[PDB]
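Q: One structure coming up, written as structure tokens, with questions to follow.
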Amino acid sequence: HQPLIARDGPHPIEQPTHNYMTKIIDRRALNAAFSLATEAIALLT
Amino acid sequence: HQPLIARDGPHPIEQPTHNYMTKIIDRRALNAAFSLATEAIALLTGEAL
């Protein structure tokens, strides 16, 4: 909502305005990898 | 433990690196000398008493 002051005289008298904004979310992802050897699982028995 | 960051790019980090460091220490050995005289031996022993 824009405030509009009373500007007077011979000036063109204007009306209060409205604006509406829509924003699309930018989306990202992450990658974190950890490697396990096949022998490391065999130690977990 | 190598600390990691999940970078914003979807490109793969391919592996993390976590390993063990082993270090061989070293060795050094100190020195001194105490030398005693001839007649000081017999006096401590008792041969000249």
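The numbers here are math on the coordinates, done by the rules we state, and not lab data. Note that each Cβ is placed from the backbone with ideal geometry, even for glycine, and that neighbours are counted across all protein chains shown.
Q: Could you state the per residue volume, in Å³, of the convex hull enclosing the Cα atoms of chain A?
A: Convex hull volume per residue, Cα atoms: 143 Å³.
Q: When B:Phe34, A:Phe34 are ordered from fewest to most other Cβ atoms inside 10 Å of their Cβ, what list results?
A: With the sparsest Cβ surroundings first, the list reads B:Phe34, A:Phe34.
Q: Please list, in chain and number order, the residues 5+ apart from A:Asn31 or on another chain whose amide H is under 5 Å from its amide H, with Hs placed from the backbone.
A: Long-range HN contacts for A:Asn31: B:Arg7.
Q: Is there a quick way to get the dipole size of the protein assembly as shown? I mean about its Cα centre, with the Cβ of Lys and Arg at +1 and of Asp and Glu at -1; what is the value in debye to the nearest 20?
A: So the dipole magnitude of the protein assembly as shown works out to roughly 360 debye.
Q: When the convex hull of the Cα atoms of the protein assembly as shown is projected onto a plane and the area is averaged over all directions, what value comes out in nm²?
A: The number I arrive at for the protein assembly as shown is 26.9 nm².
Q: Right, next: May I ask you to evaluate 6.51 cos²θ - 1.76 cosθ + 1.60, the Karplus curve with θ = phi - 60°, for each residue of region B:26-42 and list the ³J(HN,Hα) values in order in whole Hz, giving x for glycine and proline?
A: Once rounded to whole Hz, the list reads 3, 9, 9, 9, 7, 8, 7, 7, 10, 2, 10, 8, 5, 5, 5, 5, 5.
Q: Over what distance in Å are the Cα centres of chain B and region A:1-38 separated?
A: 64 Å
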